[PDB]
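Take a look at the letters that make up each chain.
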Amino acid sequence: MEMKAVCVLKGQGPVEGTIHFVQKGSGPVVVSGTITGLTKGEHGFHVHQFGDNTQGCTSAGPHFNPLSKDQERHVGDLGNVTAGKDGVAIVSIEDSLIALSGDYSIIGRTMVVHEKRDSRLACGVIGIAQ
Amino acid sequence: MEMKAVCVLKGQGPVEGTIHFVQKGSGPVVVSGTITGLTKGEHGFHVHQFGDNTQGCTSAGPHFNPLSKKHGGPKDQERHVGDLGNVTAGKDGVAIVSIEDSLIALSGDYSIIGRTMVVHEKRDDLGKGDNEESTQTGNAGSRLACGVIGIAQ
Amino acid sequence: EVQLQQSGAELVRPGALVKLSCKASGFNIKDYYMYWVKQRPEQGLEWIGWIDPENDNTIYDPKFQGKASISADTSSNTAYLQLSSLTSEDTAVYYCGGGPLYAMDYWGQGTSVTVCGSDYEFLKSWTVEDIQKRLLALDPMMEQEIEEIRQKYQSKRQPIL
Amino acid sequence: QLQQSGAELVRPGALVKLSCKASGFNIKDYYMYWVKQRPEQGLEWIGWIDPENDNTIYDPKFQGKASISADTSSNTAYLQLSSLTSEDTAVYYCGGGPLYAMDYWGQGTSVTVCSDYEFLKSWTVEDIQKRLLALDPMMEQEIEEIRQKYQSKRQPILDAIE
Amino acid sequence: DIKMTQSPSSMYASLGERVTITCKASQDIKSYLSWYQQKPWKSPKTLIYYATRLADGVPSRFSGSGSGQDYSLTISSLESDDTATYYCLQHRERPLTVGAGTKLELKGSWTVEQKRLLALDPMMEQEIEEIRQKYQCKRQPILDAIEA
Amino acid sequence: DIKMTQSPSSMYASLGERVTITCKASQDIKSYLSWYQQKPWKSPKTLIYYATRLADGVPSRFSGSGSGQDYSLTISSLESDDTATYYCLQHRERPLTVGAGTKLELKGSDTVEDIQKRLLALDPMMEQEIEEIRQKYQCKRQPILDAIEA
């Protein structure tokens, strides 16, 4: 029933973070966790296509988008996380288009938090969790 | 049809490396690449269960083993799915990885996508040791570097 | 337009309490942290501490545990620094600033504090005639030191003119 | 074991070739390093050779003065220093190991380099041979200083033995 | 306590020249690092935060870079306005700690835009006020002795 | 060129005490770092490699740690045998470079076999000092002997 995943963000910059994913059945994916070393404000948060970390966050490639496309959105587009004056963002997101299995699986792909509101400050491959 | 994956090894210690995986159709998985900062000799090389990097390489958990078998070498019948045996480092501290394996996969029940590769301190004894530990970890020792296995372009 | 107005120059006896203020206009201090920074004469910046006005949580440098107490009044939109048990060690310029945890967006113009003391016991073994001669000797000395500064800055003007 | 050549003592400008004979391991399976240590000073790494392909890395400081070579048959490594000056008076250690440790820093070969001959070129044969004989008493005097120095170090220990 | 260490401790440079201060932390501060500039007898000002992000209203000739333990501030084309002491601060771990500062001065046909002339008056008045308070503190003991 | 920098440059410590040398590289050497020990005047010896791995036959009181640019060697309980100069070497980038060394000596404390081992320890030191004098005077002979063969 219950699929879990996890993601450790790392970059050249000051950004760090652990992202957790839980999904029961084919219900929504609950994204959660914490990102540190952000500037106060909103930061783009997207699942990019490849879990390729060979060339930093550039090698993650474009937004995860199998449908070649809100209704009109990429599958990976999870909008914005919000950092406070403490430079910290508490992630709390529920989404139905992404998944931890099947055609819309993010397992083995990269989460990326961005410089501005929706460059790549940090990223990590999304792994299977306990 | 043709699936590709990639893995960037990282640890607190001196080990670094990029591992490449290719698998066409339901052919075998071709593992390849290079690991640096190893001691000369053989080093245990295993897919561990979780791609959890929150607590270094410890959070990867045990060898990827859905069939609840005992630890072995890559050619054994009695082996974990993750058990890819040993990579070999030269006097230059470098290991060239070249492995072909059928039990692991880049899709389906035996997918390693989203799990962790780990290179170890010591040689994997392939389950032929004189203790309990051998049939669990192969006495490969501590985990020098690891990385989650992602989908590659 | 943002501004941090700090209290004026203080000059106090050893052991005195002093309470510096920082009045912010242009931003709600609740949305920031209010920092304090000390700078002794001819020396660098020391960070004292900060307060999160939204919950009155304060971090301090342990060096200032004992001396320094930071507080904020969210209503008057003002931050406060209180230094106690003042010694000559504390003679410095205290800057308040406001910003996230990762930067200071806004800095005050700074409040100089000067602390004077042990000279007095030296003078108590004297006559009233002698203490008042030492007092009058100070005026010429001060005027002389000021005149040095005037001529110093007159020589700096000279090329420009 | 790494057996290094014996102590050298040469004129300025001389070539010298040190050796390192390995027994107990095939040097092909390692790198053979050379390390210099000028007296009362620290270690300088000179270079290494991979005997399997005779590839040599050097510190630029030494590339040209120092020349490292190996004979895989006799299982021996070589270091050749040319255009020697006083700068080169030092102890040279050979070692063997992976790229990440000289697992065999051992023994060591002292090299000493001498130094004005204008005095001896124009001199009279009687005068050069008087200067030569003057050296023996001077040396024996300096040795006797060392003997009495070490006799004073023995003295406490010998008292304790009583 | 993290010791952040700057070099050089002072330096001189000509106009137009390219300058590079460095700041070295005793531990990895993951780019939690801010650069402050302080001209004589003025309050500090924020140049750079999180190692590389310019603050608001900072000339673009200022740039910051580095990671891990080693960081640098670089002024690309040095104007005369930039004579100041520069400070690095780390906020990775508490307490926040600061470099000892790099002092930067000029070495050996201007515009009429008199700004340098007006800067002198506040500086002089400030130096006089130091002397006044200095002599006020010298009176203080004597006056205490007179009351007993 | 990577400058690896040690401190202290020398250090004194009592028996049983816990000692910590440091080595600081001018850039990240990803733990490609070896510690060498050189007792009195004998050959250098490998203590630690890859920052933290003890070599063969190294007492376990020796330990190494660190990463990035900053590393340290730590002797947990200092024996008298351990008076030596210690060197860090990095092999991350060429050329290989070495610290200037930390010299480590005792400051003091507070069996016929033991007195006679201490007595013989003087012999190599003395013979070494004599050989310096011999080679010194051999270099003084060298020009004169060349002139004789002219």
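The rules behind each value
Residues numbered from 1 in each chain as written, not as in the entry; some residues may be left out. Chains lettered and ligands numbered in written order. Heavy atoms only, no water. Residues with missing side-chain atoms left out of burial classes, pairs and counts. Helix = DSSP H or I, 4+ residues; strand = E, 2+ residues; numbered from the N terminus. Contact = heavy atoms within 4.5 Å. Polar contact = N/O pair within 3.5 Å; in protein donor to acceptor, adjacent residues only side chain to side chain. Axes fitted to C-alpha atoms, helices over the stretch in contact; angles between N-to-C directions. Parallel < 35°, antiparallel > 145°, perpendicular 65-115°, else oblique. Nonpolar A, V, L, I, M, F, W, Y, C, P; charged D, E, K, R; others polar. Salt bridge = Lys/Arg side-chain N within 4 Å of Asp/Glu carboxyl O. Pairing = 2+ DSSP bridges. Disulfide = S-S within 2.5 Å. Domains from an automatic or database assignment.

**What about the overall build of chain E?**
So, point 1. Looking only at helices and strands, chain E has two helices and 11 strands in total.
So, point 2. Secondary structure elements of chain E occur, N-terminal to C-terminal, as β-β-β-β-β-β-β-β-β-β-β-α-α.
So, point 3. Projecting the C-alpha coordinates of chain E onto the three principal axes gives extents of approximately 60 × 50 × 30 Å.

**Here we look at the arrangement of the chains**
So, point 1. What separates chain B from chain C at the closest point of their C-alpha atoms is a distance of 24 Å, and the two make no contact.
So, point 2. Between chain A and chain F there is no contact; the minimum C-alpha to C-alpha separation amounts to 14 Å.

**Here's the deal with the side chain of B:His43**
All names here are of chain B.
So, point 1. Here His43 is to be found in strand β4 (residues 41-48).
So, point 2. Within the structure, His43 has its side chain in polar contact with the backbone oxygen of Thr39 (distance 2.7 Å).
So, point 3. Here the side chain of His43 touches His120 through a polar contact of 2.9 Å, landing on its backbone oxygen.
So, point 4. Other than its neighbours up to four places away in sequence, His43 contacts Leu38, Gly85, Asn86, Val87, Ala89, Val119, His120, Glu121, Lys122 and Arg123.

**Quick word on the packing of helix α2 (residues 128-136) of chain C against helix α3 (residues 138-160) of chain C**
Residue and element names in this part refer to chain C.
So, point 1. Contact pair α2 / α3: the axes reach a minimum separation of 4 Å and the direction vectors enclose 15°. Comparing the axis directions of α2 and α3 gives the class roughly parallel. Listed contacts from α3 to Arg134, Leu135 and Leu136 of α2 are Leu138, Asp139 and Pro140.
So, point 2. Split into classes, the residues belonging to the contact of α2 with α3 amount to four nonpolar, no polar and two charged.

**Notes on unusual backbone geometry**
Phi is mostly negative for residues that are not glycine, and the peptide bonds are mostly trans.
So, point 1. Here E:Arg94 and E:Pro95 are connected by a cis peptide whose omega angle stands at 0°.
So, point 2. Mapped onto the elements, E:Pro95 comes out in the loop between β9 (84-90) and β10 (97-98).
So, point 3. Backbone torsion omega between F:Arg94 and F:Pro95 reads 0°, so that peptide bond is classified as cis.
So, point 4. By the element assignment, F:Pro95 lies in the loop between β9 (84-90) and β10 (97-98).
So, point 5. The phi torsion at B:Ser68 lies on the positive side, around 55°, for a residue other than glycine.
So, point 6. Residue placement: B:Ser68 occurs in the loop between β4 and β5 (83-89).
So, point 7. We note that C:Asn77 has phi near 60°; this positive angle belongs to a residue other than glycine.

**Re the interface of chain D and chain B**
So, point 1. Taken together, the contact between chain D and chain B spans 11 residues of the former and six residues of the latter.
So, point 2. Residue composition of the side of chain D that touches chain B, by class: seven nonpolar, no polar and four charged.

**Some remarks on the pattern of salt bridges**
Side chains that differ in charge, positive against negative, can pair when their charged atoms come close.
So, point 1. Taking the shortest distance from any N to any O, the salt bridge between B:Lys122 and B:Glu121 comes out at 3.2 Å.
So, point 2. Connected through shared salt-bridge partners, A:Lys85, C:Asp52 and C:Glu54 make up one network.

**Some words on the sheet that holds strand β3 (residues 18-25) of chain C**
All names here are of chain C.
So, point 1. Read across the open sheet, the four strands follow the order β1-β3-β8-β7; overall the sheet is antiparallel. Among the strands making up the open sheet, the edge pair consists of β1 (3-6) and β7 (68-73). On average, adjacent strands in this sheet sit at an angle of 20° to one another, irrespective of strand direction.
So, point 2. Where β1 lies against β3, four bridges are found, and the strand directions are antiparallel. Across the sheet, the residue bridging to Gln3 is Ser25, located in β3.

**Section: the interface of chain C and chain E**
So, point 1. Listed per partner, the contact involves 27 residues of chain C and 24 residues of chain E.
So, point 2. For the side of chain C that touches chain E, the secondary structure elements donating two or more residues are β4 (33-39), β5 (45-52), β11 (111-115), α1 (119-124) and α3 of chain C.
So, point 3. The residue makeup of the side of chain C that touches chain E, split by class, is 18 nonpolar, six polar and three charged.

**Let's talk about the pairing of strand β9 (residues 90-97) of chain D**
Residues and elements named next belong to chain D.
So, point 1. Note that strand β4 (residues 31-37) and β9 share seven bridges and pair antiparallel. Each residue of the ladder has a partner; that of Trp34, found in β9, is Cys94.
So, point 2. Judged from the four bridges that link them, β9 and strand β10 (residues 106-113) form a sheet pairing that is antiparallel. Paired with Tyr92 across the bridge in β10 is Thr109.

**Considering the packing of helix α2 (residues 125-133) of chain D against helix α3 (residues 135-161) of chain D**
Residue and element names in this part refer to chain D.
So, point 1. Look at α2 against α3: their axes get within 4 Å of each other, and the N-to-C directions meet at 15°. What the angle tells us is that α2 and α3 run roughly parallel. Where α2 approaches α3, its residues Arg131, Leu132 and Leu133 are matched on the opposing element by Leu135, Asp136 and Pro137.
So, point 2. Of the residues contributing to the contact of α2 with α3, the split by class is four nonpolar, no polar and two charged.

**Some remarks on the state of the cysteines**
So, point 1. The disulfide partner of B:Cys57 is B:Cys146, and the gap between their sulfur atoms is 2.1 Å. In this structure the cystine formed by B:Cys57 and B:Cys146 twists about its S-S bond by roughly -105°; its chirality is therefore left-handed. One end of the pair, B:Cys57, is in the loop between β4 and β5; the other, B:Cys146, is in strand β8 (residues 143-151), with 89 residues separating them in the sequence.
So, point 2. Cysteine A:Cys7 remains unbridged, with the sulfur of A:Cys123 as its closest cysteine sulfur at 8.1 Å.
So, point 3. Summary of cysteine pairing: B:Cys7 is not part of a disulfide, and the nearest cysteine sulfur, belonging to B:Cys146, is at 8.0 Å.

**As for the domain arrangement of chain E**
So, point 1. You can read the domains of chain E as domain 1 (4-106) and domain 2 (115-146).
So, point 2. Computed from C-alpha coordinates alone, the two centres of domain 1 of chain E and domain 2 of chain E are separated by 31 Å.

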